[PDB]
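**Q** an experimental structure, sequence included, is below.
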There are 2 protein chains.
Amino acid sequence: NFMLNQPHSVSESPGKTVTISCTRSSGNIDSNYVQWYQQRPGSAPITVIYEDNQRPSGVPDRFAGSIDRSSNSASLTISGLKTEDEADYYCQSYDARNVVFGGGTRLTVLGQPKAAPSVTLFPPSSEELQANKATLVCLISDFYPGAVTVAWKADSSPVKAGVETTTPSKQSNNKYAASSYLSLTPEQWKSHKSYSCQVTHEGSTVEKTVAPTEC
Amino acid sequence: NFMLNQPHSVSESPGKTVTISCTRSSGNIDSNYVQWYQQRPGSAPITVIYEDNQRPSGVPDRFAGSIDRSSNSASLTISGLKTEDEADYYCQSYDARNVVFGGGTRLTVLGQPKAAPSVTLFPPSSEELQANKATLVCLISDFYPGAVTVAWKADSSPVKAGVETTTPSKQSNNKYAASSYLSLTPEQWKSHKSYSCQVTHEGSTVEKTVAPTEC
Ligand SMILES: Cc1c(CN2CCOCC2)c(=O)oc2cc(O[C@H](C)c3ccccc3)ccc12
């Protein structure tokens, strides 16, 4: 009944080499093969190492696996670190009455460059207006770090009701996305000259404006 | 290179029984051992079943594995559901050397009433089209549990390229919201009769469609 012990967390800056260790609590590390998994936030894990040091196809050659018999440990070494490498890493081996996992190591890559959001404002769709709804959506994408402030306007005036903004989540380009949506009635949408979505990120503000359409 | 097919999600109240299936696309389920892994939210994976029906020590007998040769499927049955059972469950097997994982099933132990999502599909805005962008947005709101699967189509064919979907987040009404966006060029948009957003929640699938128009 052995366990595998990994650090809860490690951090390193881009271009440098980071090592993540996995210690076996009883028996010899070389009695069974060690695998490593990478898991990105709210997303599907992949195998980066199998049979201690073998990379599946598609895994960058920057990932290397090793065993140290004297410490009864295994290591994942990532050289020339990239931003995309930020993830949780798990080691795994085998124990007669079990497949055994380490507790996971969260790898933080430091110094990621700031990125301003792409902002797109959508007026109400035909289909939702037919169903007596006039929800607007403001898509905010490609931003880093993962925090924004959103305000809406009805004509020039602040909107005080009906706004929701999703918690930003990290997408496949390693930058954040969120949507803000304003749940108008058709009467509210048609009774104003326009609505606006104002997005602030790192002290810069982007504002988009849409108006009732000519069909 | 057979596939293992699991349902996207399952849910029940505390004290109930739930079954998760795992269907092998080709070959005999019999030919190779099936493992089940549990990953609780924000936790490391643990093995709950190995060799089709063996429980590791510390795994309670409320967990049961089985094989059905006739349906070429494996099942995990959890009786006396507890709130700690909420997790992603993955089945796993082998064809010769190659390790194969199922897609995973989210199990929710219901903490509030079920709620079907509001799904709204927005066509491209005039302003993003002048920037050579025809991004579509699929807004998904007011849902519980928080698990959804999104798929896109160009006419009748599946898309994978250009799709991003946000991690669902709880909003001010204590229900989930998320958005999926498809990053088209105006040339891609105008060159199809339509595009579709398909949202699956709790074994209900809904589909919204938009078409390049001038009304
Ligand atoms: C999807 C997936 C993969 C990727 N392929 C999917 C098709 O079969 C071959 C492998 C994987 O390598 O490893 C996985 C591993 C999984 O579960 C293990 C227990 C795990 C590892 C780390 C975190 C969470 C779960 C679940 C899914 C996968």
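**A** Yep, that arrived. Residues are numbered from 1 along each chain as shown, chains lettered A, B, ... in the order given.

**Q** and chain A, which of its residues are near the ligand?
**A** Residues of chain A lying close to the ligand (Cβ under 6 Å from any ligand atom) are A:37, A:39, A:44-47, A:90. All C-beta spots, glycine's among them, are computed from the backbone N, C-alpha and C.

**Q** which of those residues tops the neighbour count?
**A** Scoring the residues of chain A next to the ligand on neighbours with other Cβ atoms under 10 Å in any protein chain shown, the highest-scoring entry is residue A:90 at 24 neighbours.

**Q** how far away is the nearest residue to that one once chain neighbours are set aside from residue A:72?
**A** In space, and not counting its chain neighbours, residue A:90 is closest to residue A:37: 4.5 Å by Cβ to Cβ, 6 or more residues apart in numbering or on different chains. According to Cβ to Cβ, to the nearest Å, residue A:37 and residue A:72 sit 21 Å apart.

**Q** ok, residue A:28 next?
**A** Looking at residue A:28 against residue A:72, where the rule is Cβ to Cβ, the gap reads 6 Å.

**Q** go on, residue A:185?
**A** Separation of residue A:185 from residue A:72 (Cβ to Cβ) stands at 66 Å.

**Q** please say which of these two ends up with more neighbours.
**A** In this view residue A:185 and residue A:72 are compared by other Cβ under 10 Å, and residue A:72 has more residues nearby, 18 against 13.

**Q** surely the more buried one and residue A:22 touch.
**A** No. Shown here, residue A:72 and residue A:22 do not form a contact pair, counting by Cβ atoms under 8 Å, at 10.0 Å.

**Q** pretty sure residue A:145 sits against residue A:114.
**A** Yes. Assessed by Cβ under 8 Å, residue A:145 is found in contact with residue A:114 at 7.1 Å.

**Q** between the two, what contacts are shared?
**A** Jointly contacting residue A:145 and residue A:114 under the rule Cβ atoms under 8 Å, 6 or more residues apart in numbering or on different chains are residue A:202.

**Q** residues near the closest residue to residue A:6 other than its chain neighbours, how many?
**A** Leaving aside its sequence neighbours, residue A:6 sits nearest to residue A:102 (Cβ to Cβ, 6+ apart; 4.0 Å). Residues near residue A:102, counting by other Cβ under 10 Å, number 26.

**Q** try residue A:208
**A** 18.

**Q** what sits against it?
**A** A:119-121, A:138, A:196-197, B:127.

**Q** from the residues you listed, which is closest to the ligand?
**A** residue A:120 (31.7 Å; Cβ to the nearest ligand atom).

**Q** which ones are touching that closest one?
**A** A:138-139, A:208, B:125, B:127-128, B:133, B:135, B:137 are the contacts of residue A:120 under Cβ under 8 Å, 6+ apart.

**Q** bridging residues for it?
**A** Beta-bridge partners for residue A:120, by DSSP bridges, are residue A:139.

**Q** center of chain A - which residue?
**A** residue A:170 (2.6 Å; Cα atoms, centre = their mean).

**Q** chain A: helices as residue ranges?
**A** Using DSSP state H, the helices found in chain A span residues A:126-130, A:186-191.
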